[PDB]
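In the form deposited in one PDB entry, a lone chain appears below as structure tokens.
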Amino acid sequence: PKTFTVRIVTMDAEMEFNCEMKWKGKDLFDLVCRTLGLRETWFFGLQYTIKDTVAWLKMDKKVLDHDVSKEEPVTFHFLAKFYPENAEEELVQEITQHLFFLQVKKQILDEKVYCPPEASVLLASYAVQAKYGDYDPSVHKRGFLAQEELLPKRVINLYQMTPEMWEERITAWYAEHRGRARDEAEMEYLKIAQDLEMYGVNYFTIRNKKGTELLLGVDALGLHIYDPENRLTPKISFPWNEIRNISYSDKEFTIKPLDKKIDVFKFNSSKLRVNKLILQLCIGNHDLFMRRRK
């Protein structure tokens, strides 16, 4: 056996490959990207969960050196690791937009990203427009969306309405999207979703030097400090162009601002696996940040 079977899962489908026994992360990754027709690769990674902490396939380490569950077939999930500051300008390819659309929609439906009720209905309408094409009362009669996962449970429970009260609302918006192709409807979804507050934010529980539990936020704009009860609005921000360095040692992070008069910010994070993910996310988001502006 010169190869082992790798199962790749995207938001769209699952597929399989033969991974060479000594292939590194970049080898498998490049193969998955060519197969998809995806040239905008900087956004994506290959993910697997072990002990409930997310890990990303390191490009220059052997796939089999990773501690992924090696129960056949070895499985990874193709997912956006980074988000653009503007989807409509940075996502050139249709495959890229479509994968982003599905990953973000899932986030909003699983309530990992907060969405207000009225925007949730508008979001659903573009999703419906994307899946069914133009509205047609002949084909799409009352009840055609009864089995569809369209709204977050929160919005459904917020104001108790029957599915057919929500269908009317989503259908009413649906009818006004007439003429929009799948790719257009999907980009309109992203344009709304990306202005949501929790969009593109990686959250991590941390503690300041006084022992106060807090949330570190890592996104396309920079590092952020949140209160654990408020994931919508960060109390402190450090934009990528305003950080001189980020230091790490023995579970302690030290953010050093560019402004020499601003005091450093220190925090603790207990897990080594999370600390390297944080550092990774820092390097990546900073790189994409500085490239949009080069």
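The numbering used is simple: start at 1 and walk along the sequence shown.
The following text describes the form solved in complex with a partner chain, which does not appear among the structures shown.
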Exercise for the section: Please state whether every one of the three residues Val104, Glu111 and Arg231 places a non-hydrogen atom within 4.5 angstroms of the partner chain in the deposited bound form. Expected result: no
Fill in the blank from the handout: in the deposited bound form, the residue from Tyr199, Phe82, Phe204, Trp173 with a non-hydrogen atom within 4.5 Å of the partner chain is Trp173
Exercise for the section: Could you spot which one of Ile192, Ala87, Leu215, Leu150 gets a heavy atom to within 4.5 Å of the partner chain in the deposited bound form? Expected result: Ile192
Completion exercise
Among 118 to 126, 139 to 147, 89 to 97, 206 to 214, the stretch whose residues bring a heavy atom within 4.5 Å of the partner chain in the deposited bound form is 118 to 126
Exercise for the section: Decide whether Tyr135 counts as a contact residue for the partner chain in the deposited bound form under a heavy atom distance cut-off of 4.5 Å. Expected result: no
Problem - Close approach of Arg154 to the partner chain in the deposited bound form, 4.5 Å, heavy atom - result: no
Handout entry: the partner chain contact in the deposited bound form: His224, any heavy atom under 4.5 Å
Key = no
Practice task
Spell out, yes or no, whether the shortest heavy atom distance between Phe78 and the partner chain in the deposited bound form is within 4.5 Å.
Solution key: no
